[PDB]
Amino acid sequence: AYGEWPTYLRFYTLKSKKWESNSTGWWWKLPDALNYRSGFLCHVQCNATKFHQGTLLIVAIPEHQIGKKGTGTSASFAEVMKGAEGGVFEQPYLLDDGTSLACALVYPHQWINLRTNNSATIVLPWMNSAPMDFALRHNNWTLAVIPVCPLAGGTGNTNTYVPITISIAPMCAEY
Amino acid sequence: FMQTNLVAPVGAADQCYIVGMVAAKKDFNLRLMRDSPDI
Amino acid sequence: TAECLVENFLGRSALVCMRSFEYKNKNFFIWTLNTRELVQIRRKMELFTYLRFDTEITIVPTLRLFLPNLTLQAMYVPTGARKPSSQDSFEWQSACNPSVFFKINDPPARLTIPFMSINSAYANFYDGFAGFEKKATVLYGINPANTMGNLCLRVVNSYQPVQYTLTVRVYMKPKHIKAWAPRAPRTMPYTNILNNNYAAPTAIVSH
Amino acid sequence: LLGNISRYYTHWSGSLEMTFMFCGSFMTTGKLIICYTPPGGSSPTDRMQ
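So the sequences go chain by chain: A, B, C and D. Count the first sequence with PDB author numbering and you get residues 34 to 42, 62 to 87, 102 to 241, in order. Count the second sequence with PDB author numbering and you get residues 195 to 233, in order. Count the third sequence with PDB author numbering and you get residues 59 to 83, 93 to 133, 143 to 275, 283 to 290, in order. Count the fourth sequence with PDB author numbering and you get residues 98 to 146, in order.
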């Protein structure tokens, strides 16, 4: 991994996302999710009971320009800004960047496989080529989470909503 | 508050329950007597 | 081992601009140095999120007549400075500003630009808008610190009776490269020279 | 015991602690936020507060 302790130069807990067997995947942009030269760390776990099956790829991508199908037109405000509410992957297989999901492991990646572990954690040291970004209008890292294999197990009333809980701390943040 | 919803297997019902309990700590002190109103 | 060192993987001189104009019985270039005008080098470069490098640039003219050894001026214009209106403009004279005059029959002209940005490296991707606050017209991801100036060129002797086209070819050898944060490969055709959008589409490999 | 014993006295000082306990089946899980409102605070209306 990137080998920094979270460094410069209290956690926040987002509302749990209701995963399903069909779900494409979710992302958040940092700092946007906090609402700043910082070492963000991200700590994500499943509320999944032991019968359940399926698996998530957890990735943090630097400078992730979300692309789109079918137009040369650049993304609007509301498409890229999502706060803690987060955004969907319209095409997980292209990671929206026209790049293979299969190769996303070049970025710092962790697996939630429901046999081995329902929890994963990543340190996101500051990557910006300016020393302390200060405006509200850029996101150095994107935390992304994708169902590599579809959620399964249970019956009837259990309704396959098996939640993901995401947690974030801007550890060693200075202003 | 239910930050997630609950998750349980097919063999166990949603009749799941929390118990709440309390005490004072070692640092506690009570100042001056006045007889209780409950009896 | 050979081209396994990243400087040797990237350091092949790319033909980053290929264009023409005539002189007959306007017609000057102003191209900004961003390596997005040519698709092979676009992909080969996009495997890294940040790079710091000097750029060598070489300029090669060529002619189809309808040889005249003309003087060509190359000028480098920095990020966001004034740029000329025509073959004639006070900007082509600029005192505080680098330029090279060369003759078509000499071997082609070379220049180095040192690493030129207010940020410590070129951020090859950037997902923001502005350094202070955003207006509606501020496009997603076109970072000002990545502007890297432009190379500006004209024929200086253009009074000629003889009728022809100047072709120009511009080769950039990014040089002495330091690189950071590798990326998953861009596996999809490129619609435009600014963002990354697309329209293979849903299955990257054959059966 | 806290609220019975202390009723015999004028005013009280020092810290408390709660202990919660969950009577579930072993296979059952969930995350509950607990939060605390110091003196003079308003009630947290929902999970964002």
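A virtual CB, placed ideally from N, CA and C, is assigned to each residue, including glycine.
Taking only beta-carbon atoms, is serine 140/A less than 9 angstroms away from chain C?
Residue 140/A sits at position 74 when you count from the first residue of the first sequence. At least one chain C Cβ lies under 9 angstroms of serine 140/A.
Is there a Cβ of chain A sitting closer than 9 angstroms to that of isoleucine 130/D, yes or no?
Walking along the fourth sequence from the start, residue 130/D turns up at place 33. Yes, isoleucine 130/D lies at the interface with chain A (some Cβ there is under 9 angstroms from its Cβ).
For my contact list, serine 193/C and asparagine 173/C are in at a C-beta cut-off of 8 angstroms; report their separation, rounded to the angstrom.
Taking the third sequence and counting its residues from 1, the one referred to as residue 193/C is at position 117. Taking the third sequence and counting its residues from 1, the one referred to as residue 173/C is at position 97. Going by Cβ atoms, the distance from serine 193/C to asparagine 173/C rounds to 18 angstroms, so no, they are not a contact pair.
Which term fits residue 97/A, buried or exposed, when burial requires 16 or more other beta carbons within 10 angstroms of its beta carbon?
The residue list of chain A ends a segment at 87 and starts the next at 102, so residue 97/A has no coordinates to report.
Buried/exposed call for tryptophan 38/A, threshold 16 Cβ in 10 Å
As a first step, residue 38/A is located in the first sequence; it is residue number 5 there, counting from the start. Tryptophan 38/A is classed as exposed because its beta carbon has fewer than 16 other beta carbons within 10 Å across all chains shown.
If you compare alpha carbons, which of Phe177/C, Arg77/C, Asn145/C is closest to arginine 245/C?
Start at 1 with the first residue of the third sequence, and residue 245/C comes out as number 169. If we check each option's Cα against that of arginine 245/C, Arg77/C comes out closest.
For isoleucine 253/C, which residues from the same chain have a beta carbon less than 8 angstroms from its beta carbon, with the 5 sequence-adjacent residues on both sides left out?
On the third sequence, residue 253/C is found 177 positions in, with the first residue counted as 1. Here the set comprises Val64, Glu65, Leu68, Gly69, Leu118, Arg119, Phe120.
Closer than 8 angstroms by beta-carbon distance: list the chain A residues that pair up with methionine 124/D, in chain order.
Position 27 of the fourth sequence, counted from the first residue, corresponds to residue 124/D. Per Cβ cutoff of 8 angstroms: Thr115, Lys116, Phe117.
Could you pull out every residue in the same chain whose Cβ sits closer than 6 angstroms to the Cβ of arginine 186/C, ignoring the five residues on either side in sequence?
As a first step, residue 186/C is located in the third sequence; it is residue number 110 there, counting from the start. Excluding positions up to five away in sequence, the list reads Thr125.
According to DSSP, is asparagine 94/C part of a helix, a strand, or is it coil?
Walking along the third sequence from the start, residue 94/C turns up at place 27. If DSSP states are grouped into helix, strand and coil, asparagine 94/C belongs with coil.
Judging by CA-CA distance, which residue of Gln169/C, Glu61/C, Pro220/C, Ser71/C is the nearest neighbour of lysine 251/C?
As a first step, residue 251/C must be located in the third sequence, where it is residue number 175. Residue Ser71/C is the option with its Cα nearest to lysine 251/C.
Element boundaries [beta strand (DSSP E), containing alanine 257/C]
Counting from one through the third sequence, the residue named residue 257/C turns up at place 181. Here the beta strand (DSSP E) through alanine 257/C covers 240 to 258.
Quick test of your reading: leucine 190/A and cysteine 112/A, contact by CB under 8 angstroms. State the CB separation rounded to the nearest angstrom.
Here residue 190/A corresponds to residue number 124 of the first sequence, with the count starting at 1. Here residue 112/A corresponds to residue number 46 of the first sequence, with the count starting at 1. About 20 angstroms separates the two Cβ atoms, so there is no contact after all.
Using beta carbons (cut-off 9 angstroms, strictly below), is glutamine 197/B in contact with chain A?
Residue numbering aside, residue 197/B sits at position 3 when the second sequence is read from its first letter. Yes, contact with chain A.
Identity of the residue in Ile130/D, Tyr105/D, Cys132/D nearest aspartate 229/B by Cα:
Along the second sequence, one-based indexing puts residue 229/B at 35. Per the Cα distances, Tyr105/D.
How long is the line joining the alpha carbons of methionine 248/C and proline 184/C, rounded to whole angstroms?
Within the third sequence, residue 248/C is the residue found at index 172, counting from 1. Within the third sequence, residue 184/C is the residue found at index 108, counting from 1. Using only the alpha carbons, I get a separation of about 13 angstroms.
N- and C-terminal bounds of the alpha helix (DSSP H) containing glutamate 145/A
Position 79 of the first sequence, counted from the start, is the residue given in the question as residue 145/A. 143 to 146 is the extent of the alpha helix (DSSP H) around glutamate 145/A.
Under 9 angstroms between C-beta atoms of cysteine 228/C and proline 160/C
Within the third sequence, residue 228/C is the residue found at index 152, counting from 1. Within the third sequence, residue 160/C is the residue found at index 84, counting from 1. Yes; because the gap between Cβ atoms is below 9 angstroms, this pair is in contact.
Which residues bound the beta strand (DSSP E) around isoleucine 180/C?
As a working mapping, residue 180/C is identified with position 104 in the third sequence. Per DSSP, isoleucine 180/C belongs to no beta strand (DSSP E) and is neither H nor E.
Could you round the C-beta distance between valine 201/B and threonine 126/D to whole angstroms and report it? I think they count as a contact, below 8 angstroms.
Residue numbering aside, residue 201/B sits at position 7 when the second sequence is read from its first letter. Residue numbering aside, residue 126/D sits at position 29 when the fourth sequence is read from its first letter. Right, their Cβ atoms sit about 6 angstroms apart.
Of the listed residues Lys69/A, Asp199/A, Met193/A, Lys67/A, nearest to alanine 255/C (C-alpha basis):
In the third sequence, residue 255/C corresponds to position 179, counting from 1. Nearest option by C-alpha distance: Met193/A.
Please report the residue range of the alpha helix (DSSP H) in which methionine 224/C lies.
By 1-based counting over the third sequence, the position of residue 224/C is 148. Segment: none, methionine 224/C is in no alpha helix (DSSP H) and carries neither H nor E.
When DSSP labels each residue in this structure, what does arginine 186/C get in the three-state scheme?
Indexing the third sequence from 1 puts residue 186/C at position 110. Secondary structure at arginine 186/C: strand, using DSSP grouped into helix, strand and coil.
Under the DSSP definition of a beta bridge, which residues are partnered with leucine 209/A?
For the purposes of this step, residue 209/A is taken as residue 143 along the first sequence, with counting starting at 1. For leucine 209/A, which the question treats as bridged, DSSP gives the partners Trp80/A, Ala126/A.
Check whether the Cβ of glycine 127/D lies closer than 9 angstroms to any Cβ atom in chain A.
Taking the fourth sequence and counting its residues from 1, the one referred to as residue 127/D is at position 30. So yes, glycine 127/D belongs to the interface.
Is there a Cβ of chain A sitting closer than 9 angstroms to that of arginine 144/D, yes or no?
Numbered from 1 along the fourth sequence, position 47 holds the residue referred to as residue 144/D. Closer than 9 angstroms: yes.
Identify whether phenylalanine 166/C lies in helix, strand or coil by the three-state DSSP scheme.
Stepping through the third sequence from its first residue, residue 166/C is reached at position 90. Helix at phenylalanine 166/C.
Cross-strand partners of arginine 119/C (DSSP beta bridge):
The residue you call residue 119/C lines up with position 52 of the third sequence. For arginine 119/C, the pairing in a beta bridge is given by DSSP as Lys254/C.
At a Cβ cut of 7 angstroms, what residues of the segment 203 to 233 of chain B count as close to chain A, listed as they run along the chain?
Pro203, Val204
Could you pull out every unbroken beta strand (DSSP E) segment of at least 3 residues lying fully inside the segment 132 to 193 of chain A, listed in chain order?
If only complete runs of 3 or more residues are kept, the segment 132 to 193 of chain A shows the beta strand (DSSP E) at 175 to 179, 185 to 190, in order along the chain.
Rounded separation between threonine 142/D and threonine 65/A - CA only:
Sequence index remark: in the fourth sequence, residue 142/D carries index 45 (1-based). Sequence index remark: in the first sequence, residue 65/A carries index 13 (1-based). Using only the alpha carbons, I get a separation of about 17 angstroms.
Unbroken beta strand (DSSP E) run spanning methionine 151/C, endpoints
Translated into the one-based positions of the third sequence, residue 151/C becomes position 75. That run of the beta strand (DSSP E) goes 147 to 153.
Check each candidate in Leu129/D, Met145/D, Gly111/D and name the one with the smallest Cα separation from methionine 118/D.
The residue you call residue 118/D lines up with position 21 of the fourth sequence. Measuring from the Cα of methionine 118/D, the nearest candidate turns out to be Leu129/D.
Straight-line CA distance for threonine 40/A to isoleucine 102/D?
If you number the first sequence from 1, residue 40/A lands on position 7. If you number the fourth sequence from 1, residue 102/D lands on position 5. Going from the Cα of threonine 40/A to the Cα of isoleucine 102/D covers about 50 angstroms.
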